[PDB]
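This document opens with one chain alone, in structure tokens, the form deposited in one PDB entry.
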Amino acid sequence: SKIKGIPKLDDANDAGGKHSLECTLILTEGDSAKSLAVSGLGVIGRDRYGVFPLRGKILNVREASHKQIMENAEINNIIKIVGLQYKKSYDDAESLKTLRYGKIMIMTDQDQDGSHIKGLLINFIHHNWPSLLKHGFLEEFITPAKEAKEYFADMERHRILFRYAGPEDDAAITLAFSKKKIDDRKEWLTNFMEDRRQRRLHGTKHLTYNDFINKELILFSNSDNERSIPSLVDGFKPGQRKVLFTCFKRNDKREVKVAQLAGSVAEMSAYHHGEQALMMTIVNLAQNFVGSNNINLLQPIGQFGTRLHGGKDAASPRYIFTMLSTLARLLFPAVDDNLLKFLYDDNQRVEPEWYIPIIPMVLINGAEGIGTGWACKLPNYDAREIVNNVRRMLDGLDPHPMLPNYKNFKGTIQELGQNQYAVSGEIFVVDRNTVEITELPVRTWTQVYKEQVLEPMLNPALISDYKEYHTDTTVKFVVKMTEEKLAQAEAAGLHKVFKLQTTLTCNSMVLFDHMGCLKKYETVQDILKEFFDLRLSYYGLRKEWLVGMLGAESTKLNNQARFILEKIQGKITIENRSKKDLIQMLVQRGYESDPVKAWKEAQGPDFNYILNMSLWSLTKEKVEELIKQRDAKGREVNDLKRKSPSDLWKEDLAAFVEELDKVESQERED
């Protein structure tokens, strides 16, 4: 038997023949990996080794629908290539005679996503053909052109065999991949995180499924949470944070192609993932249609998608441009960078563990994410309302309760109970034959509403016709129907009949807290308070830092001024002096080694800050100017010392709100 219509397959010469069971099918992570495999195999390896590329994550078949399984091209391909049959037991050696390959060798990256693909493959075989696992059917090929041919030359040293040892293996695979084991996964990972937290306060040819799951796969499951579940502190996941770190570092004054920003992100922040994901991340950060970001930190310069299709209509990343919103540094003040813990990716200083915005951005833009064991969902909240609650809390008052609020949404959001809301579009009777629809509940996209609600109504039919007068950012359907049917529709709820009400429930506000511990939050009030205490504490740190730095700068200017004054008075001379004598003399005269440099180190004597000044410095205008700068620096440190951390916070909030007013006014004009 041969294999007809599977173009990406490189079948082993002996596959499906007398030597079937001695043949190996190598499944690879992507087409590029397939090429490496083909190269390492050479012409000789072409006999007993087949190679077939997987796109990426494969169907989790354990509880997938029959339809999804039967229609999955990749899984059907694997079945055809190997000669598998659903429902068959491969206990005998007799039963094995019907397979074209005797084993499958998984060849993925040696990273967490690689492991996930191995697990999904294991899950597929375990679910459908557990009998196979008892014959050592699954293997893997581990890696760290020429290197490829060397890896395969030493094929055996890179080859690990999966081993079934008993029901612990079944339990482990089920734990990782069963839809019924979510709770178990939470516990599984809770122990892992705590166990790892502890260790951090201090310091086989045959791999069993149980060990693969509990020692290798769990690493993917944890990293999945770490990349998918936002920080409470800045509302970001790491990818998004790398994006912002990069934009800040680049500090572009004009628009930049999304694809080049992405390239720049990969370079500057050690982002190690595919560029599709990064470009989508960037597009998502920029979106500003109703139901997306309340405050987009990046500007959508071009088509970044619309409410018509929920943003799915974004032009491609090569044809669109972005840059920071003017609001971005107001929300994430540069001076505060000095207080952050910047991470290192192999001797590169990359993004911080978190930013510390002036308001809880995790509330502003709807922190959302799906991990393993947990997911997070938060609705959007109003920026000004949040600003007002911070002010209240700064005055020791109580923060008012907050309802979700979506920028430019014209509809209604009503609290039903704790974390439960009814979100309603807008519909009104124009005359006895006409209703008009002018808003859709949040996250209901215009085209989707048209197709799933109006079309079915039109074609037992309920309406006679409808017409559209949407703009890019607004919704307007005019619907005609018979008096009788309108009266009936109207008798029942109009909002009900036209499906203009949806429920929003938020019982999974799961976030990483400031220590990087996964935590469940019951109310946004709890989130606000925890943010508030950390942020207030950080304004305290900002003040100490600024007092120290401005103080060093003041001392620096004092010494520079003193030197200039003495120079122009004859009190000191440097002309034709040795460098040694010059240093020695400055010491003896009590000049101080670079105060700013000394202060940074604190977190021989150095007089460069004085001697690097230009000859221009000795001139009238510059002497006066230096004196003014010295005095202003003195007043600056003094004024700062008098202020409270609360005052600084309030200054930032006012600066932010003023620009938010300007920015949002300009958007309504535009």
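Numbers for residues come from their place in the sequence shown, where the first is 1. Whichever C-alpha set is largest while still superposing within 1.5 Å between the two forms counts as the rigid core.
Between 78-86 and 307-315, greater CA displacement relative to the shown form is found for 78-86 when the structures in 8 other deposited structures of this protein are fitted on the core. After a core fit, the C-alpha atoms in 8 other deposited structures of this protein lie farther on average from the shown form in one of 254-262 and 105-113, namely 105-113. Among other deposited entries of this protein with both flanking residues present, none omit coordinates for residue 576; it is modelled throughout, well short of a third. In the comparison with other entries of the same protein, residue 444 is given coordinates in all of those covering both sides of it, so it never reaches the one-third threshold. The gap between residue 459 and residue 460 holds 4 to 9 unmodelled residues of the deposited sequence. Coordinates are given for every residue of the deposited sequence from residue 167 through residue 168, so that no gap is recorded there. Per the PDB record, of the two stretches 259-267 and 151-159, 151-159 carries the greater mean B-factor over its C-alpha atoms. Note on 8-16 vs 647-655: mean CA B-factor is higher in 8-16. When the Cα B-factors of 291, 493, 114, 551 are read from the PDB record, 493 comes out highest.
Comparing the C-alpha B-factors of 48, 57, 62, 642 in the entry, the top value falls on 48. Sort the modelled residues of the chain by CA B factor and residue 484 lands in the highest third. Sort the modelled residues of the chain by CA B factor and residue 618 lands in the middle third.
When the CA B factors of the chain's modelled residues are split into thirds, the value for residue 139 lands in the middle one.
Among all modelled residues in this chain, the alpha-carbon of residue 466 has a temperature factor (C-alpha) in the highest third. Per the deposited record, the Cα B-factor of residue 401 falls in the highest third when ranked against the other modelled residues of its chain.
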